[PDB]
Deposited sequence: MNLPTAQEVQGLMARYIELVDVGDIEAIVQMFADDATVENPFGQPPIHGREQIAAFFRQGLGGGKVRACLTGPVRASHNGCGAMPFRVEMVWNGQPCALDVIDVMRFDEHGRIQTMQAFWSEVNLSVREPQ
């Protein structure tokens, strides 16, 4: 159903674990099939599991991700977290904001970051 604050902490942490390994099918299944994803925030949103799968495929395919502090969760199915992505030879500080639906799936994801958060 619509995830409690504590359940939101678990789901969002699970998302980060999945990104870290790069299990694309399992990542994609975390989203609603009509999920919208803004990454970075300000860019036009990509929509739906097909467009989202492609995003993660060229994102992660050829990469590491960890939380830098606790997940902050609300009581209306949303949450936000700080993490850092590492890659190739650099690093990127990120904050994701996620809203979950009544099935425990991600309906909306906005990622906040820009080049000032980037470090080679």
| query | finding |
| --- | --- |
| Chain regions without C-alpha coordinates, deposited sequence numbering | 1, 64 to 65, 92 to 95, 128 to 131 |
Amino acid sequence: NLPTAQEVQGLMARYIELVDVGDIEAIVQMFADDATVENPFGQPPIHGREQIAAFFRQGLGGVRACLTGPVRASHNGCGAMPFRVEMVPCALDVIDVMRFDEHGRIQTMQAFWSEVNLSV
From here on, numbers count along this sequence of modelled residues.
| property | result |
| --- | --- |
| Of 18 to 26 and 92 to 100, the one with larger mean CA B-factor | 18 to 26 |
| 8 to 16 versus 101 to 109 - greater average Cα B-factor per the deposited record | 101 to 109 |
| Candidate residues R72, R57, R84, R49, the one whose C-alpha B factor the record puts highest | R57 |
| Third of chain Cα B-factors occupied by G42 | highest |
| Third of chain Cα B-factors occupied by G79 | lowest |
| Assigned third (lowest, middle, highest) for the C-alpha B factor of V63 | highest |
| Within-chain third of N117 by Cα B-factor, per the entry | middle |
